[PDB]
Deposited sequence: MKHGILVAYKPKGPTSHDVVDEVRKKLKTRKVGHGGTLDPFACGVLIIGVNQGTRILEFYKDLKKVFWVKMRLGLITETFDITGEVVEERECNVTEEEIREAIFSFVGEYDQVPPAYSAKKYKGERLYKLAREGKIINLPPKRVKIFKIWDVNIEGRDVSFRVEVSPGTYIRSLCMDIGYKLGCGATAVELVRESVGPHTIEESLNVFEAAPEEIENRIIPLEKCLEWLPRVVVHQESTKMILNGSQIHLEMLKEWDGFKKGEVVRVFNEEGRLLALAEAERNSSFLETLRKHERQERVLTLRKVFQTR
């Protein structure tokens, strides 16, 4: 049984859960999940967690994302994309220079409102559910950050570009917002999530077309996940102790790597096996206290 993360590619059409079903059917296991939904009309990178890998999917939430999007100026729909009923389809007579200034006026930070068609919860209910019943909810804004925009291409009313965005940012809302800035409306007609953190679409695997053998050999083992977090190695003797319960103390450790206050760290051992994930208690600086507090432990 494999345990880890799978950089999947979700074709345009199916929901993100559909990909989970496909992988859970191909690998004959119910323990599968993803770490960030991707709209059906969209395609691109979908982080998939297999078995014990599901237990670490939460750590992919705060990663940055890079998208390629094409929006239709003059078009506005209920869902903010081309799969939703049209509400208004007028002409957008604006110059290419205006379009660019409008697009780039969003580079930086701004308060973005979640689209009505989203998985956000309002009062014990998903927004897309309340939206399909005709009830449109305007949730308080979230201060999102647009790190950078580039590759702007203008072909009539259809404008495309790439954007690196902070976690929790909706490109759907971004398009509508840029359209609003131009005063003529805009809807996302194509969306490709090219990367989630260090994971790119180039590495992604189309589970729908891959065989169980290929999907299995593509799975990144737990020992090679969350590569960006400080690591620590304890004596192979301390293994089964932590790999069961207890905590992690100053004289169990063996190797450095600097952390912060409540920063998360990977706990390995002599044999390189990833024992668990602990949350730092104090900044790393040289004594028998709580160095790290277990926040998750994997048993295999």
Which residue ranges of the deposited sequence are not present in the modelled coordinates? 287-294, 309
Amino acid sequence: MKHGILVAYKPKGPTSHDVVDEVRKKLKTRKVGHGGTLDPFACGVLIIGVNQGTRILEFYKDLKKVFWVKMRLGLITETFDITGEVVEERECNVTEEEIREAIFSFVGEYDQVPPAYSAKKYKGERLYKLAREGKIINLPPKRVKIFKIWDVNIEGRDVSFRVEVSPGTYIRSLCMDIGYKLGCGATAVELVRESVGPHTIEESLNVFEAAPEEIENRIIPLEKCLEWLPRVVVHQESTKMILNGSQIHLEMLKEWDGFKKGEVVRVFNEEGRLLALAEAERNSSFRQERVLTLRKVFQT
From here on, numbers count along this sequence of modelled residues.
Given the B-factors recorded for C-alpha atoms, which segment has the greater mean, 201-209 or 187-195? 201-209
With B-factors read from the PDB entry, the higher C-alpha mean of 29-37 and 268-276 is in 268-276
Using only the C-alpha B-factors in the record, can you name which of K10, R24, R282, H17 has the highest? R282
Top residue by Cα temperature factor, when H249, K64, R55, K70 are compared in the entry: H249
Third assignment of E216 from its chain's C-alpha B-factors: highest
Would you check the entry's CA temperature factor for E97 and let me know if it's in the chain's lowest, middle or highest third? middle
State the tercile, meaning the lowest, middle or highest third, of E227 with respect to the CA B-factors recorded for its chain. highest
Hey, what third does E89 fall into on Cα B-factor, ranked over its chain? highest
